[PDB]
Amino acid sequence: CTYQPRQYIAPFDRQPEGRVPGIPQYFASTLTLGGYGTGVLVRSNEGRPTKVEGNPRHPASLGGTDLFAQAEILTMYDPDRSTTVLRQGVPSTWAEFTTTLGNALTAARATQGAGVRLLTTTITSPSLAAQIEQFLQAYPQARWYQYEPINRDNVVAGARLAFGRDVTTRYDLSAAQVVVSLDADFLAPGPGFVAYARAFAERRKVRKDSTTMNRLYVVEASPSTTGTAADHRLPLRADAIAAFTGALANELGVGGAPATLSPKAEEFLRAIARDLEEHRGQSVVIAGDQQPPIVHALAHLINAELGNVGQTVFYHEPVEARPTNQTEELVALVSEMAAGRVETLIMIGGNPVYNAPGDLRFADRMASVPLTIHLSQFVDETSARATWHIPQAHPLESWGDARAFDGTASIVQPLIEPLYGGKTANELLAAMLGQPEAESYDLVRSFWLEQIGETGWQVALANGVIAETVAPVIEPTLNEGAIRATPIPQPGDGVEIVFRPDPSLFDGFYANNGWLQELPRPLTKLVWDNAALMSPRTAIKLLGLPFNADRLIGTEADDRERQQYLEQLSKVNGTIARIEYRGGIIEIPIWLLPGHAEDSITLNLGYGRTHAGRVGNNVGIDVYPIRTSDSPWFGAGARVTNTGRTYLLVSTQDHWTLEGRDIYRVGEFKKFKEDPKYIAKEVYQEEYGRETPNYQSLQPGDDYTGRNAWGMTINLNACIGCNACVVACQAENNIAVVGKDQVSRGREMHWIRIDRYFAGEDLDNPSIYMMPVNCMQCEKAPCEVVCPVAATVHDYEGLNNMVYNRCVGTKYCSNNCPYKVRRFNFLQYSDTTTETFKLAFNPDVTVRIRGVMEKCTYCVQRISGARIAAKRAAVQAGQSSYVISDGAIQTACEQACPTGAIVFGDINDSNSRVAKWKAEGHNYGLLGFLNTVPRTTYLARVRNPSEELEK
Amino acid sequence: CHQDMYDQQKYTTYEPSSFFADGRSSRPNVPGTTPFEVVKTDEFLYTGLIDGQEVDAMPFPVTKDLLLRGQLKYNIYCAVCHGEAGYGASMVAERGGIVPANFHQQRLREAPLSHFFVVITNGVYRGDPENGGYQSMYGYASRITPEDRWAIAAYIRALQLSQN
Amino acid sequence: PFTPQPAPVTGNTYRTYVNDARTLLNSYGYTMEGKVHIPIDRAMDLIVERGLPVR
Amino acid sequence: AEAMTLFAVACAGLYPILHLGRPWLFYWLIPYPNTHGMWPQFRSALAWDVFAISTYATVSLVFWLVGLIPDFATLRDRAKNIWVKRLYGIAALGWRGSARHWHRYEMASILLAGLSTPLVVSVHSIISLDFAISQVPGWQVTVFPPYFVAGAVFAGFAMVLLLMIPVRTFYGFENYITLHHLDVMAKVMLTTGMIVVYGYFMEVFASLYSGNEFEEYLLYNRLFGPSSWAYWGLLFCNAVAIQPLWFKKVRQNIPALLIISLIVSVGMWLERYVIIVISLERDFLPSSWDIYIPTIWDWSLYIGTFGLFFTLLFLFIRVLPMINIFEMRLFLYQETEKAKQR
Amino acid sequence: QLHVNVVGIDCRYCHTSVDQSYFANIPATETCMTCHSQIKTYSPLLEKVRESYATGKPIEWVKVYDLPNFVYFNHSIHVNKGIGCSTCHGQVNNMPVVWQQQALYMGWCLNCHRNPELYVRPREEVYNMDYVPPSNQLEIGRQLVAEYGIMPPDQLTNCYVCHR
Ligand SMILES: CCCCCCCCCCCCCCC(=O)OC(COC(=O)CCCCCCCCCCCC(C)C)COC(=O)CCCCCCCCCCCC(C)C
Ligand code: HEC
Ligand code: HEC
Ligand code: HEC
Ligand code: HEC
Ligand code: HEC
Ligand code: HEC
Ligand SMILES: CCCCCCCc1cc(O)c2ccccc2[n+]1[O-]
Ligand code: SF4
Ligand code: SF4
Ligand code: SF4
Ligand code: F3S
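Protein chains in written order, with UniProt numbering: chain U, 76 to 1026; chain A, 26 to 189; chain P, 57 to 111; chain D, 123 to 464; chain L, 56 to 219.
Take a look at the structure:
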């Protein structure tokens, strides 16, 4: 036996031109969530996509991405993505499909085109929309009929009600000092999420020299990242937000209904109304996509009269090709299916059978057509139901384009030839237009040439932005008479069912995504499952559980007793409740959401699938049959009845409160302006009786006086809890996906966790405290002292060196870690057999085997790469001393943070941003009484409350 | 005996793979793509053709450091066959039938710099459809960055001044 | 397994060509048809001084 | 008792290698020459555990074999078959019972006792230290080395009584292992259990005396946590069950001693559960809180190490004497001399 | 041995990425056929090379110097910081078939990471296979360490220098 096997090597037959072997290469592509593309810098290691970063030249990117764009790598490398053309489940040929499609359309060319239809998602692609217009001009009796379940139909109808025309409303939050969100979850992924979060956090970040901060007001049923990052939150029912907006309009002076509300709601109303009419052009009122068009038009009227047009809100030309009511188009399409007037049906993406509301009976209406065409990257429920399923190329391997939330039309650049073949929607429409075997690259180049030119195409492909495709600003005329001539619907009596996109699976497209299913959800920390999220008071009043829920209300005298009572209120999560909403039964387990509104239940869309992959095959319980086309986001009356049968719902936290400890430090803005050290002064005055702690250690440590000392600073004031840093860390560092059973055993693998904490003076509606906890890389590391083989040691640079080749189990590093950031490979968690996951693995980070410990390394792949680059530049210039710049190292969490809460840099360099943030008075480290000297310090959350509401 | 993380599941730079048809995890360039902030608008920078003819020019002015880089890249990639002095006398031409072109002849003395860039990037005449054909110079687009190819052409001009 | 001892090269090598070219590229001299050599680190300086055509 | 020590150390030396996670790399904790130039840290307490467990097993086996060598001579003399003479002959090494050899033997036994007393105190102090050098609030407790010494002597004499009593009643050893032997072994049980009760009082005093929220929550978690069954059963099995051992009739009673020894063994397992699992369950950050639920496989491994211990013990009582043949005839000579001295 | 000591091909002609990335380039069949389109064609020992470049199938060479994938060697910084190929790979210019000159031990790596002055060379004698260290070599090794700014053994013996 030898030390190693033979280990054959495989070079190229022809070397690539612009590639140096071993140097990772960055390509500017575009990834779409709901049709609105965002610019991404996807890293090609050896001709294949491995890590998605942000494009700083791109409007909705700004260098940071969201969790869906971060997990698009594993969505691409899903092993259950479709490989062949399926005629009736049997494999077929694309050429034979195009022959049959040409025969079907030349049989349908006897008429003008009445039998041929279409069903796409929200299309912002200009080339693809031009091809749809060409197909509609060729067949004038064909219709577009686009639909996606998470859409902006209500925003489109609100714009049409307010202005009489379709506009795109983009918000400038850098110039906004008061933000009002009427169920507007703009700090969650969607149109313009990264730009909105970046501008909001840039205004939110406060220093010694800072004089102003922004204030956020939210009304919502489901607490979210937006309600987490809000100074004030009022939990109304989701159908009462219309009456809230009417009362706000009436007290602001514009047309609205003087609705009657709770005393807390009218106090929050007058707090908003007093904070407004004091920032004219420095305020913004945002309405959610789930809110009715009357709420959208009323927010438009409030922003118009408040002077916010041209300063914080902006009205542009519509960017989503043809704006329409997608749910009404789907109702018209299934009415045509029931009438039998449809013969040819073509779909691109969407998964309409799974994603349609259950009152339309999409499968039964679809079974009557003669032939169907589907294209959705998977053999989904619809593709299994349809004839003629064609695999769709991933955006990371497909040519195309996509407009942003403000309009950019950015080119979707592939980083690889498609693994399984498969055609794009441009190729499908080229084959539909009598041009088979056409290249999507040639199609998008033919569209973009003679529109921006060859030099414009080359500039746009090198960059990620076309400079001449921005939506121009317009001045639409507000129609206050049409706003006033509205029914203004009131909230309905009974239990309402609020339909919500999932934070991890979105609408269920990411259902097989292992990173997104294994990822703990915001506000609930759930994994691999769906739940009926509700308030504890609602759970008691509905299921009759033997508790009080008035024992969560109190003060700091009985705060620990209230936290113990919340721990007793826990565990009950998982009780399966039979919910009869409108002729349909879901029978979903419940989960306690303390921030949630009373008499409401939120069910996350995107679960209960049947034709997903091996990962997430039957996770969760489906909500789409319960969902109706009349109210696709709200509910009126639901029979939620407890039916025993407690299900195993798995969380990664299992304790929800801060047990009287100085971990999440909260301050106010005015006392921060007076003295920025008062948070730490009050904490150490209550703990020790002195303003400063005289922490004394018996260990000297190392020096760090003339060397590159690396540290992290996490801003708790500018963290929303979007888990994009966690998905980026998983993608960069090859963290394994463990099972739901392995998380239930307590063995989740995440180098960074976002710790929600529910601290407040009433636990039936607390404040949400999200904080990223990774390895602090402690200078005096209790994990390092207890390692018997020196598998974890400390650097000259100041990093704890978790060596996996050396780690021999013994699991003591994790017991001496006070933050428990270290994750152990108890079993063979990393996949060894899936070639797609093997391609998804980062070549520059090791893949851990069973029996070793792993934790956060400050992305030492990037640290070592920048150090090697700096030393190589130093000896090539003869400087005899390497200098690493402040922006030279950017970790994965810092890059993919859309807010910029995480900053990485040098400690000993005083001009670095981390040293400037650590020179602030509200910077602190966790558990300083343990003499660890953490290098990942935290900036205390500084709130900005209003005197009419809190002070 | 250990064999734990010695040959990992991740794919290394030139690791073979059974997933792809050519048996290689290293993937070629997608036809028609460019990296981030690597612009290709200067046609003279990436090929020697402007209007269908030779140019005899340079996209950037000559520098002593550029000429030293061109000398280094000439000694690495071009002096194996053409020789260090550029007279076409080398062990490759001695052992085989290469016989490369002398830079100090009249045809290469009055040859354009754009023609030098074209012959580095692409090479010479390929296989003709009539009476056969073959390629000899073979082109060096994949191995040499185009700025370094222009530096090689500048060093070719320097060697032509050296031997005249 | 001892360190292997390869057979030495008993024929003509590239070293004669390289040494002859480096001798011809230095210490000036005359060719068979031309006027005079200009050595390396001199003709490059003349090329830099006289410039090259641009665009 | 020394055979039980050797077999218990044999059962407990597999547990590092068994729990190690990469079991074949136990030798990386040992200072051994390698091509890497790597060393064990030696600042961790698990390297001290390597040295302490290796020294404890080696010196215990050496002292047991030294105490067996004239018993090997006695068995070699008392054997009948000529081929089992050489089985104990090569282990006795020709002992001869010489008075010159007895002087060196007694000096070596005295020095081995005076080296093995601080050896065993240091071994159980180091096994205390592999929690006590950590910053865990249930583990950063400085009375752990004498507390673990007392708990080990407590559980050890519980197991010793629980295995003398069937040996005494099934072999004819009532003349050798006596009611006075059981009485004094239960007296040492009562003393060391009182020291462990004092250690419980020290931990409770530290939690109440400290203003530290983590010590206060350690006491709260032990008293009223999800794993408070271990603490309450521990208090019953190590405090309530030892107050009968003050009484002379209960100390002399055999089935009461068996019940008390079994209860003490169960409560000492509960003590080690309370020290390790409850302190690791709830830590500084409340987000990193979870419950430890043991599976069927570590229970199966526990039952299996019980079987390995009893297999080694039954092999020992088959091929070797349970009690020392010499030093008990020397004890008889000493009692005869005491009777002659009146 | 033939291709360097006889033909005279520079090491960067075939290992093109050795001074720029961590991975020294295993050459392509395009790089081989650049000369072997004319020299020794229709030969059974170049039959495998001619079998490649017509299909996409590569030449499956065997990795002589195989590091166990948690080690992360970087060729570029080692070459640019004055460590020649002969001090770490041996006289590959005289190797007919490449052998491993030494085992790539962690201790052997740390020997030069702790005492680099015994093995550092002028950064311009790295590709020279004829270079031998001088009679003393310690004074000029300390001089070159100070000249190139080579880090102390604490920095070079840090775990995350190599492992990851
Ligand atoms: C924090 C670290 C503390 C260090 C502790 C050191 C204690 C080690 C003592 C070993 C026992 C030897 C006594 C022999 C003997 O039986 O003495 C006889 C007299 O006969 C003789 O002439 C002596 C025979 C040879 C003695 C040489 C000993 C070799 C050196 C030991 C190597 C250790 C290293 C560190 C140098 C009569 O005397 C006695 O019997 C008295 C025995 C007293 C037992 C002590 C019990 C204390 C238990 C606490 C243990 C503390 C922990 C930290 C280990
Ligand atoms: C040996 C394999 C060669 C190497 C290395 C390079 N070239 Fe070459 N080159 C070679 C041959 C056999 C020929 C002549 C081909 C023919 O059919 O006659 C050439 C040609 C040139 C020319 C002249 C082109 C012409 O006159 O039309 C030039 C200017 C030239 N080669 C330059 C050149 C440079 C700069 C190289 C390094 C990148 C180079 N060659 C490599 C053989 C070989
Ligand atoms: C000692 C510090 C070295 C020097 C100087 C050079 N190489 Fe290297 N080489 C070295 C090691 C330890 C390895 C194994 C790396 C691995 O991951 O397996 C290698 C490997 C190569 C290879 C194989 C391909 C690769 O791994 O990059 C080649 C082709 C190679 N080395 C060639 C090479 C040349 C030509 C060098 C001088 C410029 C050179 N290496 C420098 C050790 C060292
Ligand atoms: C041009 C500079 C070459 C490159 C690049 C490669 N080889 Fe070569 N090879 C070349 C010559 C001039 C010779 C000797 C010819 C002679 O008559 O002695 C060789 C030799 C070989 C051989 C031996 C063939 C034989 O002796 O019949 C083989 C098998 C060979 N070369 C393979 C080879 C490969 C695989 C290469 C790419 C890494 C390669 N050579 C490069 C010229 C050149
Ligand atoms: C192209 C004609 C080459 C030149 C010039 C040099 N090497 Fe090379 N190298 C080449 C090939 C085709 C291979 C793989 C096949 C093999 O025989 O190993 C290599 C490999 C090496 C290695 C082995 C690395 C490994 O696979 O583990 C070493 C150590 C190496 N090359 C070093 C090296 C040096 C120092 C060179 C200049 C004198 C050199 N090679 C020239 C192709 C070519
Ligand atoms: C002497 C011949 C060496 C041997 C054997 C190895 N390395 Fe090396 N290494 C050497 C030098 C002179 C340097 C320069 C660094 C400096 O500051 O001067 C390095 C550095 C590295 C690095 C760069 C990391 C950093 O500088 O922060 C890496 C990644 C590295 N060495 C890896 C490495 C490995 C894995 C080795 C064993 C196969 C190894 N080196 C051996 C010199 C020498
Ligand atoms: C680069 C100069 C290294 C540094 C710094 C460290 N190690 Fe290393 N490690 C390196 C090499 C070249 C090897 C392979 C050794 C071989 O014989 O092939 C290793 C390997 C190890 C191992 C052995 C792994 C195994 O056999 O499974 C261990 C246990 C190891 N390295 C640990 C280790 C630690 C803890 C280090 C920091 C103090 C460390 N190594 C430094 C290269 C380098
Ligand atoms: C060759 C003797 C080595 C056997 C003992 C190993 C030491 C050792 C190793 C470990 O990983 C431990 C983890 C927890 C508790 C004790 C431990 N001990 O003692
Ligand atoms: S730190 Fe992580 S959770 Fe917080 S905002 Fe940034 S990406 Fe989201
Ligand atoms: S945060 Fe935990 S793992 Fe990181 S250095 Fe500190 S104790 Fe070790
Ligand atoms: S710095 Fe890098 S390794 Fe550390 S938690 Fe963030 S992404 Fe993960
Ligand atoms: S204690 Fe040490 S041996 Fe590994 S599991 Fe932890 S780094």
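Just so it is clear, CB atoms sit at the ideal spot from N, CA and C, and this is done for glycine as well.
Beta-carbon neighbours of residue i, restricted to chain L and to distances below 8 Å
i	result
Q78(A)	The contacting residues do not exist; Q78(A) stays about 28 Å from chain L at best.
Under 7 Å from the C-beta of residue i: neighbouring residues of chain L
i	result
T66(P)	Here the premise fails: no neighbours, minimum Cβ distance about 10 Å.
Own chain, CB closer than 8 Å to residue i, minus 5 neighbours either side, in chain order
i	result
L423(D)	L140
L142(D)	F148
According to DSSP, residues forming a beta bridge with residue i
i	result
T110(L)	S107(L)
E929(U)	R898(U)
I651(U)	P664(U)
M286(D)	Partner(s): none; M286(D) has no beta bridge.
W785(U)	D981(U)
residue 1093(U)	Look at the range of chain U in this structure, 76 to 1026, and you will see that residue 1093(U) is not part of it.
Neighbour list for residue i in chain D, Cβ cutoff strictly below 7 Å
i	result
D729(U)	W411, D412
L733(U)	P408
Cut-off 7 Å between Cβ atoms - residues of its own chain near residue i, not counting five sequence neighbours on either side
i	result
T885(U)	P863
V812(U)	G589, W590, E593
Minimum C-alpha distance to residue i - residue among the options
i	options	result
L608(U)	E910(U), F709(U), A672(U), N400(U)	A672(U)
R765(U)	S772(U), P775(U), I754(U)	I754(U)
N679(U)	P578(U), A374(U), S451(U)	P578(U)
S202(U)	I347(U), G619(U), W523(U)	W523(U)
Chain-ordered neighbours of residue i on chain U, where CB pairs are closer than 8 Å
i	result
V263(D)	Per Cβ cutoff of 8 Å: no residues; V263(D) is ~15 Å from chain U at best.
Cross-chain neighbours of residue i in chain A, by beta carbon under 7 Å
i	result
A77(P)	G108, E109, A110
Chain-ordered chain P contacts of residue i [CB-CB under 8 Å]
i	result
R168(A)	Residues of chain P passing the Cβ test: none, with the nearest at roughly 20 Å.
Cross-chain neighbours of residue i in chain A, by beta carbon under 9 Å
i	result
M88(P)	None at all; the shortest Cβ gap to chain A is about 11 Å.
Worksheet item: Whose CB is closer than 7 Å to a heavy atom of ligand 1? List the residues in chain order.
Response: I232(D), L233(D), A235(D), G236(D), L237(D), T239(D), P240(D), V243(D), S244(D), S247(D)
Worksheet item: Can you list every residue whose CB sits closer than 6 Å to some heavy atom of ligand 10, going in chain order?
Response: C850(U), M851(U), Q852(U), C853(U), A856(U), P857(U), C858(U), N875(U), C892(U), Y894(U), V896(U), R897(U), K930(U), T1007(U)
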